[PDB]
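In order, the protein sequence lines correspond to chains A and B.
So the first sequence is residues 90 to 167, 213 to 236, 243 to 447, counted in the UniProt record's numbering.
So the second sequence is residues 16 to 933, 948 to 1126, 1136 to 1373, counted in the UniProt record's numbering.
Everything below concerns the one structure shown next.
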Amino acid sequence: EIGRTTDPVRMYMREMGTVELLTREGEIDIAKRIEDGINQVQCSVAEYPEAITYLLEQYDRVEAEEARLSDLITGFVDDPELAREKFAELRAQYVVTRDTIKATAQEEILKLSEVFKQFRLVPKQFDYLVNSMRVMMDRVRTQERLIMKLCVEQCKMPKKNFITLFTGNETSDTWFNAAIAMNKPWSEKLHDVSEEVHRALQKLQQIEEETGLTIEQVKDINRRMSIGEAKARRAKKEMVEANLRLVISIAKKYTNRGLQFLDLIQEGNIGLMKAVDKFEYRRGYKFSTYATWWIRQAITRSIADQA
Amino acid sequence: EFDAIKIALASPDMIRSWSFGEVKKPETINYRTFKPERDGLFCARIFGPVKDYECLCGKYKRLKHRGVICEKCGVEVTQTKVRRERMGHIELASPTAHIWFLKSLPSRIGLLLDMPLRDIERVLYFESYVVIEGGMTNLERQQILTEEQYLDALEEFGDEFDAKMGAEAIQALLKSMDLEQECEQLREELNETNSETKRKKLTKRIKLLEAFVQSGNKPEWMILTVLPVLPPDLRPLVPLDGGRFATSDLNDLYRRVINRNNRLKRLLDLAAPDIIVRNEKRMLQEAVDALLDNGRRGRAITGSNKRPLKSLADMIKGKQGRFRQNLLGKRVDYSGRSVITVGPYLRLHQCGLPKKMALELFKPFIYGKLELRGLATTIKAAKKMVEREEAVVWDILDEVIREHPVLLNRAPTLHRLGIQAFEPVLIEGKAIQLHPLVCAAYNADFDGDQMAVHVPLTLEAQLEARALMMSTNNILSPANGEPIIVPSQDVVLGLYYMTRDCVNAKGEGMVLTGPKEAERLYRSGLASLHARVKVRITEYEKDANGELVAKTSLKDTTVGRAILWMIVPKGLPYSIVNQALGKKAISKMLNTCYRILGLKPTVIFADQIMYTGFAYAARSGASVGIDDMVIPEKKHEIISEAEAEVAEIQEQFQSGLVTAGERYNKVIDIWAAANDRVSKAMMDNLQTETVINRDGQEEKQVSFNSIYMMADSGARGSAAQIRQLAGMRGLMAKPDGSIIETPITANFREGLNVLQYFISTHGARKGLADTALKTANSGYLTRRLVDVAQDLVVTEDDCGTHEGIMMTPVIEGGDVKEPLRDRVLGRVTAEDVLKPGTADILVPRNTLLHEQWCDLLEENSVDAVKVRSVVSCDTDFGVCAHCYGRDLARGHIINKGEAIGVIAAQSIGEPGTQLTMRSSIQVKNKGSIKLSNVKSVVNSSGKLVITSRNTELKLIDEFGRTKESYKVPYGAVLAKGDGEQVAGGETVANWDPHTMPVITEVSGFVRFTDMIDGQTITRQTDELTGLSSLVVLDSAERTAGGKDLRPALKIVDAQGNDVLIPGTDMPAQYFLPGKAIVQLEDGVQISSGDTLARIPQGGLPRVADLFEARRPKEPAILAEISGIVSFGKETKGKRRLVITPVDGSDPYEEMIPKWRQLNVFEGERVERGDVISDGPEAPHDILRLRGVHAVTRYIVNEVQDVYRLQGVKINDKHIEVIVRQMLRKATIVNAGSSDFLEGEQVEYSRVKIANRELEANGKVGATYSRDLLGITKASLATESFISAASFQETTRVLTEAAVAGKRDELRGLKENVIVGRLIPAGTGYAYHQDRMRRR
RNA sequence: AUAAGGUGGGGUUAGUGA
Ligand SMILES: [Mg+2]
Ligand SMILES: [Zn+2]
Ligand SMILES: [Zn+2]
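Shown next as structure tokens:
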């Protein structure tokens, strides 16, 4: 009795009619969750040492003017001179944390993350760090597939013996000499690929040496970051799902300018996505008024160059 | 260069191989400047040089740089022609179904999967999920899922179990299909299902599978991924007048589709929720099919004017897609067009032509010879010479149109005389002058018809023109051997005025020695023209070896007969001109002139009679006057008594002594009778009104009234039209289609009233409206069946066979309405003519029957000749000439090559306009009585009654031929018997149409068996007599309690024994059907032939439905096979039959709609193909039961009755031959050592050579069964897909053949014109003897 | 040879006497 409704608009109304309208305080609730998402991934950003290395190096690109004054920072909370006291002082915090690495080392990692947590950056640096830990998980993941591939798919190692003792450390020979010390016939086959697994594991030990952390800790950093990121995206999808009635309501205006209707609704969907990307709730306004501008931007932009 | 056309479905990387780039940006031009852009639609570096050997930026401006690309934009220098064909691709993001395979109806995707199309549409438009690779669930690998039950699956098997949506899922599921398990498995299930539904659906399934793997395709290519883009110059961007631009649709929707694509890409980049990208993918789906076939999706789209834009699909289909628009009919150079006029001074091998149109049409010839004479060296000099009009060029195009033929065309070019050739004579003025005898062949009156001309340029085509197109060639119709160069209308008036005679005139009855003296007497004005004088004339004849002998006498004749005797050439009898020479007499005069004296004397004779025709017609002075139309004085009185009679029947209705319809019918009859009285009243007043002295007192003769000459000679009009002038006109019909009771009493010489005129304009408007829509249908009929024939070429000499059909003179049931000698004329016999001298061979078995032979067996009164037909020609892919016969425009045998299928098609097609719109047996003449299929018995009265409906009453004459044919009813009281002699005008029969008799054949008792009052029969006394009778009811009125009881009247003797059927040992029970009234009660001893019970009771699209071969409204049911019968089970949607063949088994029984009053009885044993009831005789069973010759003879009798009703001639070979194109297909009954499926259709020629060379092997071939098909779908069932592609439903045949991977060696015509080479019919048949001879 | 030229709509012309 779904009457072959070949209008895509009709069924599109049938999906967008599921979610009801949210009040403006629910926007405080959801944008609160958004600030949780970006704030927690800023915590995981703060828990990365090579971000601080590359940070001070990019600050040397700023004062060397191998970068720009607005290509590293986007203001702060609570003018390169502020960046001289902030990143020279942060250089001193970095060396005084870096000296004590040989317990309270990790306490100074925490306080270095706290003096860094005030800091706000140009989002390309955020791209650098997301791709930095991302490629880091690609190399870690590569060693996971490598030692899993050779021990499991070569030495007939049970994956129960693999995940229980191996996963988490991944750089020691405790699974190696202890699993071979289990006297199993798969364990006696673990002598076959000790070269590729252990010598290719030497670069993974080098990874832990570069980051100054175990693989497990880094996995907590970027994995927990991934939790906050996915959470934030759930919030943003949820808000968009609220505001579809707004976008068709404004979409009624500019219809017959030589373009089809659903093109307008999709362009406006893009515009409200960008408006979600650029809204703040501590401003204290209703979301729609700020959103309107991005929607007209998308529409008039689109029909403008698509004449 | 190249052989056959091959198609296949498109691989993706094939499309990548076709392109030279990817389009990425939705713009096309600058609009600011006017440049083409980087990678937009109109691209240079993808598509090539928009300029000519030059770059976009103009980097490589000379022809020297040819070969290297540019660098400022990177374009290769070539011609600008190369941007017409370089294709491009686009890479779409998410896959997309091709809707032709989705919605061809039947869907290839649909029955390929065997899931209903509704579910596929639910998957496509994202409102449903569906699961690939089900496996370890409680749920299948091909089950649709709704999203809350996908929420359910998301709960339970929300594990590794997979299910997707849309064209990705369709590509995946359709990709993961194994094909061979489907093949073997579905062959097995074909071996299982007894239901013919499942056998049918599963065999279509197995056809598409086993054909799909056999072609080298892949299934998963059917989901479109990489879209080819059209080359830009074929989707051009023109400007209109000013800065605006007339767009194309195609450029618009290409803009839409790549806008769609790129937005989907950036949306995939941004990680949007599934609602949005879901919606966008649906938008891409409608985008892509909106490119392919707009409108087949539920709502179309428009750009402007709210008017749906044109996709690619309608760019092929329809009245202006490329097939009928720009491929069969092209616009041609070297042509002119203007208005025709006469100029009778021409001879017929030439036409007039204006000087301006000549000087335009032959300009390159003027350039050529003008260069030759050196009057101007260079070309542009000749340009200004032919512009400025110097006097020398009139000598030049005067010279070059000396013997260069041209063509003429009139726009409604129905049959092939619409194109004829002439030799131009230059005319001062600017209209086209035209010889008069061509006009009737063109059907081109001079009311303002325009004609167009053409020029064959090349040398060989000039030879084709003068050889074949030249107007002196065609004088006989291709439809029949009648001349079409008959004089039309006024020359026959002049000649009719010439050979006539008033009874006393100047020079009445003197003598004269020779026609020159008669000419001197006329132009000297000393004797009258219409005055009889005994003269001397002299003539010739060729009785010997073509040898012309002088002989002479003193004939008595007129003056003018002796005058036009001088024009007649040598070999004629005199008495061809010794009469009044109506249009018919001069027509057969020219005909016999062609038969006896060949070609040229007929030609020059025809021109000369045209000249003297207009001479003496003009000198005659034939006027018209108002005083010429004569009112009969009795008209007033006949109308007066008529209105008295309608006053009498009207007063019978005033007091109501008569009913309405009776007064209606008597009044309309007496108006018919009085109307006829006025008709022969004015005829008897006109035709012989001239009463004059003759050297004596008085004498009557024919009238010199102008009207009576114009109608009598056959010029224009008839007795009907002059009946509408002088006498009253008609009884006009009413808008209902019935007829008005008051006739139009007035006539056109007097004044009509208001309302008579009002009624008349009703009739006229209805008339010409019917002409409009009738034209519309007739063109579509010819358009159809020219396609179904299209291909039959006379390609061999002699098949060497002995089959064929049997020609007889046809008799309607009254007079012979078409004799023998015309159905036989010019068709070579099958066997030899045994003379009816008993064992004498008259004519041998393989002879042409020209006129002498036809006179020969005409004398010996031969009744039937088996003849060779084209339905029996054993030729593969053609017809031998000895099965076809004559040309009918060239009086000899047919030659080798003439594609006679199309002349058959035009031949039946051109009468399509002139088609019309709005007891006992009494013999007439005397002969012997003959009956056939007689099952008779002498009754008690000495009369004859026949218990076979299939008996026919015939009248053999005193020679032996049949002259009457009559139906003999079941049990009709004949006054005479078989083999007897009657007199002409005698009733010889009797029956009742208001009684189906249940008569007997023997003597004895009749017992009331199973006549139970209330269950089978009923007690219905006769309220008029008193003799009560037990009336037998039918099944639907009697109750079911004795419905299974069959009341019978079984013949017993005085002992009660079974009085058997005479001849056999079965009882003679008379089972009693509905409305059978058993009058003769119980214990009544009966006589022979007495009723034991009594049971009482088209135009053109007829013809189109005959070649359509439709199942009619209810078919007459027939007997599949010989044997006895019984009846079947009571009311099961219908009451059944049970048929029991005698020798073999009895597999056959059938439910029967018992509205069919049965004809056969239970004890009757019949033959196959015989009637069980009557009604329209469906053709398929005539094929499948009575055979090949029967169904053809049925068809040609039927439509020959249709045209012959209108008196429109067509010789019978054309209907024969297009029927041979109808029944070309066949099916398989057993394989034997064949390789075909049993359930497989194939053309009869290909299976005939299949078993025919399996006969060369020791193995047995195959057993077949032929079919006939409607021509509109027989043409679709053709191996050449381009031929059907030019016909209707291009999409269906295109997809079906497209997935077939079918190949086409072209072996035919409209595809050889579609590819532009020699046609393999005429001269190109010799060329294809060559190209066939090489490979 | 610089008059060229798509798409709709409208109007008109030519197409029997039994
Ligand atoms: Mg005309
Ligand atoms: Zn360039
Ligand atoms: Zn033959």
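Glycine included, each C-beta is placed from N, C-alpha and C at the ideal position.
With its beta carbon less than 7 Å from one in chain A, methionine 298 of chain B belongs to the interface. The C-beta distance from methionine 379 of chain A to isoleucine 119 of chain A rounds to 5 Å, short enough to meet the 8 Å contact threshold. Nearest in C-alpha terms to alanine 187 of chain B, of all of B:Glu162, B:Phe116 and B:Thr111, is B:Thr111. Distance from the CA of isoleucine 238 of chain B to the CA of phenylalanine 35 of chain B, rounded to the nearest whole angstrom, comes to 22 Å. If you measure from each CB to the nearest heavy atom of ligand 1, the residues under 7 Å come out as B:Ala459, B:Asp460, B:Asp462, B:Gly463 and B:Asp464. A distance of 7 Å or more separates the beta carbons of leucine 306 of chain B and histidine 450 of chain B. If you keep only unbroken alpha helix (DSSP H) runs of at least 4 residues inside the stretch 442-507 of chain B, you get 454-457 and 474-479. If you draw a straight line from the Cα of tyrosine 430 of chain A to the Cα of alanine 375 of chain A, it is about 18 Å long.
A direct Cα-to-Cα measurement between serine 1032 of chain B and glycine 752 of chain B gives close to 54 Å. The contact set of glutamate 204 of chain B on chain A, defined by CB atoms closer than 9 Å, is empty, because the minimum CB distance reaches about 31 Å. For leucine 111 of chain A, not one C-beta of chain B is nearer than 7 Å to its own C-beta. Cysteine 517 of chain B has its CB no nearer than 6 Å to any heavy atom of ligand 3. Not a single heavy atom of ligand 2 lies less than 6 Å from the C-beta of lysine 76 of chain B.
Taking each of A:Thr311, A:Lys343, A:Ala243 and A:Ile410 in turn and checking the Cα distance to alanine 438 of chain A, the smallest one comes out for A:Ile410. Here the alpha carbon of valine 407 of chain B sits roughly 16 Å from the alpha carbon of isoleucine 394 of chain B. Legend: CB atoms of the stretch 379-392 of chain B lying less than 8 Å from CB atoms of chain A are not found in any residue. Rounded to whole angstroms, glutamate 414 of chain B and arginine 388 of chain B show a C-alpha spacing of 12 Å. Straight across, the Cα-Cα distance linking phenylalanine 427 of chain A with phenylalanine 419 of chain A is about 8 Å. Contacts with chain B (Cβ-Cβ distance below 7 Å) from the stretch 395-415 of chain A involve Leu402, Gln406, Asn409 and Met413, listed in chain order. In the pairwise beta carbon analysis, the stretch 1037-1048 of chain B is classified as not touching the stretch 975-985 of chain B: fewer than three pairs are separated by under 8 Å. Within the same chain, and ignoring the five residues on either side of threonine 1024 of chain B in sequence, the residues whose Cβ sits closer than 8 Å to its Cβ are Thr1120, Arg1123, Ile1124 and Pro1125. Apart from sequence neighbours up to five positions away, the residues of its chain that approach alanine 1338 of chain B with a beta-carbon distance below 7 Å are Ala226 and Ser230, ordered along the chain. Ranked by Cα distance from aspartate 134 of chain B, the options B:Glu170, B:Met102 and B:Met180 are led by B:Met180. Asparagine 560 of chain B counts as exposed, since fewer than 16 other C-beta atoms from the protein chains shown sit within 10 angstroms of its C-beta. Chain-order list of chain B residues neighbouring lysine 264 of chain A: empty, with the shortest C-beta distance near 16 Å, by a criterion of under 8 Å. Remark: the shortest separation between the CB of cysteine 72 of chain B and any heavy atom of ligand 2 falls under 6 Å. In the three-state DSSP reduction, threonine 980 of chain B falls in the strand class (E or B).
Look at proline 288 of chain B: its C-beta is under 7 Å from a C-beta on chain A. One alpha carbon belongs to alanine 302 of chain B, the other to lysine 79 of chain B, and they sit about 45 Å apart.
Between the C-alpha atoms of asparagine 232 of chain B and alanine 784 of chain B there is a straight-line separation of about 54 Å. Nothing from the stretch 1222-1251 of chain B brings a Cβ to less than 8 Å from some Cβ of chain A.
Look at the stretch 136-147 of chain B: the residues with a C-beta under 9 Å from a C-beta of chain A are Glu136, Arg137, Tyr140, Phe141 and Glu142. Assignment of beta-bridge partners to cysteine 198 of chain B by DSSP yields no partner. Rounded to whole angstroms, the separation of the alpha carbons of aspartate 167 of chain A and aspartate 267 of chain A is 25 Å.
The beta-carbon of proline 97 of chain A is placed less than 7 Å from the nearest beta-carbon of chain B.
About 12 Å separates the CB atoms of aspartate 802 of chain B and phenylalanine 338 of chain B; that is not less than 8 Å, and the two are not in contact.
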